Number of protein chains: 2
Amino acid sequence: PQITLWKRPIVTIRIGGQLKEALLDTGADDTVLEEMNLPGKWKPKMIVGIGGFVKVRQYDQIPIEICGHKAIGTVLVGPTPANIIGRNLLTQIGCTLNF
Amino acid sequence: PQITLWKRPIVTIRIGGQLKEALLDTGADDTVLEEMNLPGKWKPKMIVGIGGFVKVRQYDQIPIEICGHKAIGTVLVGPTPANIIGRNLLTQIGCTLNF
Ligand SMILES: Cc1c(O)cccc1C(=O)N[C@@H](CSc1ccccc1)[C@H](O)CN1C[C@H]2CCCC[C@H]2C[C@H]1C(=O)NC(C)(C)C
C-alpha cells in the first residue's frame, strides 16, 4: 500500500495468532509492543525513554504479519503507550519513505 | 526522493539561519526540536513518549526547510532525545510510506 500521514499510520498486525493495531514508526530503531506473553526465551533489555531507560523483554526471530506482509524478527515487549513497528521490521516488509 | 530505512532517516533542516539534523518520523504527531529560541508567542505543553512526558514550548507558524522543501507549521521545543520531523510537516512536503 501507500500510507499517507494526515492521520497516524496505524495498521493491523498478526502475532501469535493475535490481532493488534500498531503504529508504523520510522523514528524507532526497534519494534515495541504493549505487555503480552510470547512463546520462548527472552532477554531483559533497556531502551532509551523519556526521563530515563524503559525495561522491556526481547524476543528474537518472532514471526509477525504487518498489513499482510510477513516478517521474522526481534520484538520488544513492555510498557509502551502504543504498539510501534520500527525500522528492524519496516525494512523486512520493504517499507520506504517517499516524497 | 526515496528514503530507505536501513539507517535512521536523518536529513538536514534549516530554520531561520540554523542548520540542523532531524529524523523524518511517521510515529511523531508533531515536530519537536532541541533547544532553540523561536520568535512569537509560546504555549506550554506536555507530550507523550515511551516512559514519560516531555514538557515543551509550542510555537505556531514556523518555517523549516526540509530536503529543499518549504514547510510551515507548529514546532515544539523541549528536551527531546533527537530532533524530529513529525506528521504535521511530513504531510506538507508530500511524504508517504510505501510498501
Ligand atoms: C522506540 C525507539 C527505539 O526502540 C530506538 C530508538 C528510538 C525509539 C523512539 O522512541 N523513537 C521515537 C522518536 S524519539 C527518539 C528517541 C530515542 C532516540 C531517537 C529518537 C518515535 O519515533 C516517536 N514516538 C512514537 C510513539 C512511541 C510510543 C508513544 C507514542 C509515540 C511517541 C513518539 C515520541 O517519542 N514522541 C516525541 C515527543 C519524542 C517526538
Side-chain angles (χ1 to χ4, degrees), chain A residues 1-6 8-15 20-33 47 60-76 80 82-99, chain B residues 1-14 16-18 20-34 36 47 49-50 62-76 80-99:
Chain A
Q2 177 178 253
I3 303 183
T4 54
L5 302 172
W6 299 108
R8 284 169 184 176
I10 300 162
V11 301
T12 305
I13 60 154
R14 177 172 179 278
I15 185 186
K20 292 149 182 286
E21 302 296 287
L23 181 75
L24 302 186
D25 183 1
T26 53
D29 301 345
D30 312 286
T31 290
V32 194
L33 310 174
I47 54 173
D60 293 319
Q61 267 85 37
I62 300 299
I64 172 166
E65 197 176 5
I66 297 152
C67 209
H69 295 246
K70 284 192 169 183
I72 310 174
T74 298
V75 177
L76 310 183
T80 176
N83 295 325
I84 60 169
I85 312 299
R87 288 185 306 98
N88 74 314
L89 302 186
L90 296 173
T91 52
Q92 287 197 24
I93 63 174
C95 190
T96 60
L97 282 163
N98 300 255
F99 62 93
Chain B
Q2 185 162 93
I3 298 182
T4 57
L5 299 167
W6 305 110
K7 66 192 187 79
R8 290 171 171 184
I10 289 164
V11 303
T12 282
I13 61 159
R14 175 173 89 68
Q18 280 231 93
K20 301 196 176 187
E21 292 226 304
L23 271 172
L24 301 178
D25 191 356
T26 57
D29 290 355
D30 277 281
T31 291
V32 192
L33 295 182
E34 224 230 353
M36 58 187 300
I47 58 176
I50 292 179
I62 298 293
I64 307 190
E65 194 168 322
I66 303 163
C67 298
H69 295 248
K70 304 161 72 171
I72 311 194
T74 302
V75 177
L76 309 181
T80 186
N83 289 336
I84 292 285
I85 305 308
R87 291 187 298 107
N88 76 297
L89 303 184
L90 291 176
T91 49
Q92 288 188 8
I93 69 172
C95 194
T96 63
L97 289 169
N98 294 95
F99 64 100

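Below, each value reflects all heavy atoms present in this structure, side chains not excepted, and no hydrogens, waters or symmetry copies. Protein chains get the first letters and strands the later ones, always in sequence-line order, with residue 1 at the start of each.
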Please examine the side chains of [Y] and [X], heavy atoms only from C-beta on, and report whether any two atoms are closer than 4.5 Å.
X	Y	result
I13(A)	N83(A)	no
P1(A)	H69(A)	yes
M36(B)	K20(B)	yes
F99(B)	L24(A)	yes

- Of the options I66(B), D25(B), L23(B), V32(B), which is the one that meets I85(B) in a side-chain contact (heavy atoms from CB on, under 4.5 Å)?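 Exactly one candidate clears the test, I66(B).
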- Message: side chain to side chain contact (heavy atoms under 4.5 Å, CB included) for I3(A) and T26(B)? Distances and angles first, verdict last.
- Response: CA-CA 10 Å; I3(A) 303 183; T26(B) 57; over 6 Å; no
- Task: Just do the side chain to side chain contact (heavy atoms under 4.5 Å, CB included) check on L76(A) and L33(A) with the steps written out, would you?
- Result: CA-CA 6 Å; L76(A) 310 183; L33(A) 310 174; over 6 Å; no
- Inter-residue atom distance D30(A).CG - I50(B).CD1, 0.5 Å rounding: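 So the gap between those two atoms works out to 9.0 Å.
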Sequence neighbours left out, what passes side chain to side chain donor-acceptor pair (under 3.5 Å) with [X]? Give chain and number order.
X	answer
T91(A)	none
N88(A)	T31(A)
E21(A)	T12(A)

- Message: Tell me which pairs pass salt bridge (charged side-chain N to carboxylate O under 4.0 Å, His left out) where either residue lies in residues 85-99 of chain A, with sequence neighbours left out.
- Response: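 The answer is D29(A)-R87(A).
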- Task: Measure across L89(A) and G73(A) and return the closest heavy-atom pair with its distance rounded to 0.1 Å.
- Result: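 That would be CD2-CA, 4.0 Å.
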- Which atom names give the shortest non-hydrogen contact between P63(A) and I15(A), and what distance separates them?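 Closest pair (atom of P63(A), atom of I15(A), distance): O-CG1, 4.0 Å.
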- Do the side chain of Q92(B) and the main chain of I72(B) share a donor and acceptor less than 3.5 angstrom apart?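 Such a contact is found between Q92(B) side chain and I72(B) backbone.
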- Heavy-atom donor-acceptor pair, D60(A) side chain to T74(A) backbone, under 3.5 Å: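 Checking the backbone N and O of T74(A) against the side chain of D60(A), no donor-acceptor pair under 3.5 Å is found.
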- Message: Which residues pass the side chain to side chain contact (heavy atoms under 4.5 Å, CB included) test with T96(B), not counting sequence neighbours?
- Response: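 In terms of side chain to side chain contact (heavy atoms under 4.5 Å, CB included), with neighbours along the sequence ignored, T96(B) is linked to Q2(A), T4(A), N98(A), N98(B).
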- Item | Listed partners of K70(B) passing side chain to side chain contact (heavy atoms under 4.5 Å, CB included), at least two apart |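 In terms of side chain to side chain contact (heavy atoms under 4.5 Å, CB included), with neighbours along the sequence ignored, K70(B) is linked to no residue.
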